[PDB]
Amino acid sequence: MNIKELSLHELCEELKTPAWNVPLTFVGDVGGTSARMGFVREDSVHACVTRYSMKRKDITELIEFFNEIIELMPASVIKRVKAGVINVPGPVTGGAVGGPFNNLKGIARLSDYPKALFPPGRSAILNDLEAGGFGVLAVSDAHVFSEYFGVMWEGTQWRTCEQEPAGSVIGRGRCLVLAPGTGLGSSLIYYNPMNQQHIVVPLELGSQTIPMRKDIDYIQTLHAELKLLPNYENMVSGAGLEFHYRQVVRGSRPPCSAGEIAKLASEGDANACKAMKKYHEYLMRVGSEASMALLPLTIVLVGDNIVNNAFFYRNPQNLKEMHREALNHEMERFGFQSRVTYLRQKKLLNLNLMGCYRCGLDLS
């Protein structure tokens, strides 16, 4: 798994080198603030990408970027493009129309994209966590799962389905991918046991109304701030973390950012730590409800957030509390939540870029 990030110029020069004299997949991982776009080739995977700023905060700006690449890149390179797959930070329909976005305006339309980078019949727009799910599969496919994912706790069902150690393979069962970052992303890597095939199913779990436990007052406190029935993302996100911190300090310390709160928690600050426990309590509730609804074999937490918050999961008291909340469901009296193995990304890797490429394989 190799990704190199280059200026657009160094990018152009890299693609003229012998190693890149080969069929290419155009890929793009588009976020609310930036996009990484470039080319990917083949059991190792090799991507070379350049970073763009989404300064105009508008999804149509990608069209301008694609043009730039086509004009600035030699035709010899562009003609090697066998497939073109990008991902965007919002719901996508028909792999062709993405929108509406929370942090960008406009609608991503595959039909308005240049066929030089998006060949007809071999092109797709993915949801970011749909690409991430494909990304998880690409890690598994390269026999390197244990290098990127660590077991948080092993579920009851793993040994029933798998002889190998937890975390060593994705496993022949449904894998629910959760990404608590800017937005709360989710996807279901469904497993069809009749053909032994994994299939990525995009979800919007973050946007469901939170069902209560013994926390009606806490939920109502947020309800009154937002003037909206809180959804999971409202508790599990940067603003969620900031909310949890305000609720812990109650005025006594002025507000700081989610980023600042995460830093303080890394330094042992009791208030920030408790905010972080709160944030994860709600993440574990997404997990327990989804564990029932989707009956997954595994749940995998992914993203730079998860990797960088390793200090939090490393702590056995934090981990035991998350485990307890994961089991906090009425259906656990039948063992449903206990079936599931939870894993977390433990090493940095842009799953989305790998996923766009992995998806391109299935179009080609």
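Throughout, we count residues from 1 along the sequence that is shown. Only the largest set of C-alpha atoms that superpose within 1.5 Å between the two forms is called the rigid core.
Trainee: Name the stretch that deviates more in 4 other deposited structures of this protein: 85 to 93, or 245 to 253? Use RMS CA distance to the shown form, core superposed.
Mentor: After superposing on the rigid core, the more displaced stretch in 4 other deposited structures of this protein is 85 to 93.
Trainee: Name the stretch that deviates more in 4 other deposited structures of this protein: 225 to 233, or 75 to 83? Use RMS CA distance to the shown form, core superposed.
Mentor: More C-alpha displacement in 4 other deposited structures of this protein shows up in 75 to 83.
Trainee: Count of coordinate-less deposited residues separating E42 and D43, as none, 1 to 3, 4 to 9, or 10 or more?
Mentor: Just 1 to 3 residues are missing between them.
Trainee: Which is higher in the entry, the mean Cα B factor of 77 to 85 or that of 121 to 129?
Mentor: 77 to 85 has the higher mean C-alpha B-factor.
Trainee: Higher average CA B factor in the deposited record is what I'm after, so tell me if that's 182 to 190 or 254 to 262.
Mentor: Mean CA B-factor is higher for 254 to 262.
Trainee: Going by the entry, which of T298, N309, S338, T50 has the most elevated CA B factor?
Mentor: Result of the comparison over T298, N309, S338, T50: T50.
Trainee: Using the entry's values, work out which of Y245, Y279, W158, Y113 has the largest Cα B factor.
Mentor: Of the candidates given, the C-alpha B-factor peaks at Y113.
Trainee: Once the chain's modelled residues are ordered by C-alpha B factor and cut into thirds, is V144 in the lowest, middle or highest one?
Mentor: According to the entry, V144 has a C-alpha B-factor in the chain's middle third.
Trainee: Please place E332 in the lowest, middle or highest third of its chain by C-alpha B factor as given in the entry.
Mentor: It falls in the bottom third of the chain.
Trainee: How does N103 rank on Cα B-factor within its chain, lowest, middle or highest third?
Mentor: Answer is highest: the recorded C-alpha B-factor places it there.
Trainee: Taking the values exactly as deposited, rank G206 by C-alpha B-factor within its chain and report the matching third: lowest, middle or highest.
Mentor: Ranked within chain, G206 CA B lands in the lowest tercile.
Trainee: How does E289 rank on Cα B-factor within its chain, lowest, middle or highest third?
Mentor: Lowest third, going by the recorded CA B-factors of the chain.
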